[PDB]
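Just so you know, these numbers use all the heavy atoms, side chains as well, and skip hydrogens, waters and symmetry mates. Residue numbering restarts at 1 for every chain, and letters A, B, ... go by the order of the sequence lines.
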Amino acid sequence: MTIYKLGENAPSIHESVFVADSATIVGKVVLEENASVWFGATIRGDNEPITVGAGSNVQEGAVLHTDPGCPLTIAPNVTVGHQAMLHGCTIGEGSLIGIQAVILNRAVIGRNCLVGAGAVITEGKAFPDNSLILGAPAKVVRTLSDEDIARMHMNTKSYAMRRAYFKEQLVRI
Amino acid sequence: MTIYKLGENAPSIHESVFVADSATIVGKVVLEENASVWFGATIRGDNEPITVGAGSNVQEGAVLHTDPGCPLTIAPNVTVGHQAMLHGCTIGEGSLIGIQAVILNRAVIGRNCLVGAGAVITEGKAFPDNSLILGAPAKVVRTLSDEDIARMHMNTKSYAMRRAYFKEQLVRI
Amino acid sequence: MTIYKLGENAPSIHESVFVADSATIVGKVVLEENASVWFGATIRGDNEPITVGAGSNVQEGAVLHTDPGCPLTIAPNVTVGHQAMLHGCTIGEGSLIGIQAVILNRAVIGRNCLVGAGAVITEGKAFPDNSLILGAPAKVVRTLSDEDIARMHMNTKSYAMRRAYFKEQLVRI
Ligand SMILES: [Zn+2]
Ligand SMILES: [Zn+2]
Ligand SMILES: [Zn+2]
């Protein structure tokens, strides 16, 4: 596997976590219960700590990094889509980060936000809870409905389930 | 290698296929004759089936996935560029998907289309044959010329050839 | 590791280089002193040669490729950010390529340029030294200040240092 200890800092991974063999986890990284990191994703905890909250998933090729003074915190029940890039930011509980979305240092995404695929959130930007954030540079286009939020959570919960399926039914050929 | 069987579903790969050691193939995936999947690419067939048509290539870091009710079908002679992301869509024969392009569920790209680098095709969008599709959200900017189409195909055919070269002349150091 | 010889062409890597185990280096590739290639990055030297200048870094998931007649040359002291894609272009000394930025064939980036995250530089575009290049298609928005340039270099130099730390303190778990 690609789980690495850097210096004296070794990842803290809950047993229930699914970490794909090609998912790189380095240094100061905390992966909470029911979280999952997929193929090709990389979580490099060499500067500030990086936390992936319980029930949260980090999909294929997503890259999580930080810079000094910019810890990366992903709250519980969050989906980080394929190829996304989170850099030293804060993601609120229940949010969904779209495919290839880019979020830079100091950015703060509130609870239940949906960041659109291909969006780019610049450094220091803050967004209120339940916001649909689209564009590059991204901005709040409107508030999400109960349905939007419920579908986002359904996807995230589905991944928390898929996690167990991959842990017990995935066999190399 | 990173070829995985998920549950009872194992990938169907034609012997002529080139699958890079770091290319992840999981579950319900069909890779037809002369297709090729490069380093870091991931094809996750855990929901709907994913088919890569004969003579088609999936370049470095591209990620192919689907959601229930949204199978991913890549027709023959198609090029999927580096870092692209295809999610539950349909790609017509002879097309070219640009670098980092993103195509979401239910999108349908006709035959001989060229999707520009960095474009974003939203869910459900459909585009006619021979279209040059650019933007995010992407749209048809104009019809491609015989030359445009011929150059696209030349690239794809070149990859079908490069496939054999890598299968027999690539040696780990 | 993922260092590959293609045909008769084998990578030329300076001993001081840090090459992550999952970093793919193939064929005609030259990695100069103090350069570093991170997890999931791929440098495919199967067409034209690809050179990574001394003290330059190629971050997670970045993909470097070329096409015939389009060599890829990355000058010394350059930072290529996470998930960037450089295709047959020329990057001037002291520059910084932002996260997920895409630069296509024949593009020329002068010395000390900063390409913004998510930008897309089309084929053949040329940009003068000390330019802040943003957008897709990207363009020069303004000249960088001494500070901007100095901070860019600080990041790149920091990576040249981090390189040694990973070479001696990174241990698989
Ligand atoms: Zn970083
Ligand atoms: Zn998906
Ligand atoms: Zn290429």
Side-chain angles (χ1 to χ4, degrees), chain A residues 42 44 47 61-67 70 72 83-89 100-107 118-125 135-138, chain B residues 61 82-83 99-100 117-118 136, chain C residues 36-38 40-41 52 56-64 72 74-75 77-87 89-104 107-122 125 127 129-145 147-159:
Chain A
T42 293
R44 192 164 123 222
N47 293 313
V63 176
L64 281 54
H65 192 210
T66 68
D67 274 320
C70 306
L72 172 48
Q83 302 172 334
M85 201 287 125
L86 301 176
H87 211 291
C89 51
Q100 276 190 34
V102 175
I103 305 184
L104 315 177
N105 298 332
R106 310 158 193 305
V120 176
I121 298 186
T122 45
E123 279 144 292
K125 290 199 293 189
Chain B
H82 312 279
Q83 302 172 334
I99 295 156
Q100 276 190 34
Chain C
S36 63
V37 188
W38 305 71
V52 176
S56 294
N57 64 83
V58 179
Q59 291 169 31
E60 281 80 9
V63 176
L64 281 54
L72 172 48
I74 292 167
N77 194 41
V78 172
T79 281
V80 179
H82 312 279
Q83 302 172 334
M85 201 287 125
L86 301 176
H87 211 291
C89 51
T90 306
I91 311 303
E93 190 172 341
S95 300
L96 190 141
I97 308 307
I99 295 156
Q100 276 190 34
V102 175
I103 305 184
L104 315 177
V108 177
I109 281 67
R111 300 166 171 276
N112 300 318
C113 288
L114 199 175
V115 181
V120 176
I121 298 186
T122 45
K125 290 199 293 189
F127 307 79
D129 302 352
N130 317 311
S131 298
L132 169 59
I133 306 153
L134 310 174
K139 60 178 164 280
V140 181
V141 300
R142 70 175 172 69
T143 306
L144 297 167
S145 63
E147 188 181 327
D148 297 320
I149 297 176
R151 289 179 180 295
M152 293 164 54
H153 296 175
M154 188 172 77
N155 183 70
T156 306
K157 283 184 183 185
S158 187
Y159 263 90

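- To the nearest 0.5 Å, atoms NZ (C/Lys157) and CG (C/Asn77) are separated by 6.5 Å.
- Other residues, nucleotides and ligands contribute more than 12 heavy atoms inside 6.0 Å of the CZ atom of C/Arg142.
- Put simply, the side chain of A/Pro137 reaches to within 4.5 Å of the side chain of A/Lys125, judged on heavy atoms.
- Side-chain contact annotation: C/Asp148 with C/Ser145, donor-acceptor N/O pair under 3.5 Å present.
- Atom CG of C/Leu72 and atom CD1 of C/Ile91 lie 7.0 Å apart (nearest 0.5 Å).
- Between A/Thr122 and A/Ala107, the shortest heavy-atom contact is O-CB, 4.0 Å.
- With rounding to the nearest 0.5 angstrom, the CG atom of C/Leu86 is 5.0 Å from the CD1 atom of C/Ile74.
- C/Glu60 CD to C/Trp38 CH2: the interatomic distance, rounded to the nearest 0.5 Å, is 7.0 Å.
- Heavy-atom minimum distance, C/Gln100 versus A/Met85: NE2-CB, 4.3 Å.
- Considering all non-hydrogen atoms of both residues, C/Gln59 and C/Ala41 come closest at O-CB, 3.7 Å.
- Across every non-hydrogen atom of C/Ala84 and B/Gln83, the tightest pair is O-NE2, 3.1 Å.
- C/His153 NE2 to C/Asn112 CG: the interatomic distance, rounded to the nearest 0.5 Å, is 4.0 Å.
- Of the charged side-chain nitrogens involved, at least one lies within less than 4.0 Å of a carboxylate oxygen, so that C/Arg111 and C/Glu93 count as a salt-bridged pair.
- Closest approach of C/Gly116 and C/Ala101 over heavy atoms only: O-CB, 3.8 Å.
- A heavy-atom distance below 4.5 Å is not found between the side chains of C/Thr156 and C/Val78.
- To the nearest 0.5 Å, the span separating CD1 on C/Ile133 from OG on C/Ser95 amounts to 7.5 Å.
- Within the 4.5 Å cutoff, side-chain heavy atoms of C/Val58 are placed close to those of C/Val52.
- One N or O on the side chain of C/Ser56 and one on the backbone of C/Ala75 form a donor-acceptor pair closer than 3.5 Å.
- The aromatic rings of C/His87 and B/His82 sit tilted relative to each other, their planes meeting at an angle between 30° and 60°.
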Next item on the list: Might you work through the side-chain contact (heavy atoms from CB on, under 4.5 Å) test for C/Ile103 and C/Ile109, ending with a clear yes or no?
Entry: CA-CA 9 Å; C/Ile103 305 184; C/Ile109 281 67; 3.8 Å; yes

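- Annotation for C/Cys89 and C/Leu104: closest pair CB-O, 3.7 Å, computed over non-hydrogen atoms.
- In this structure, the side chains of C/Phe127 and C/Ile121 come closer than 4.5 Å at one or more pairs of heavy atoms.
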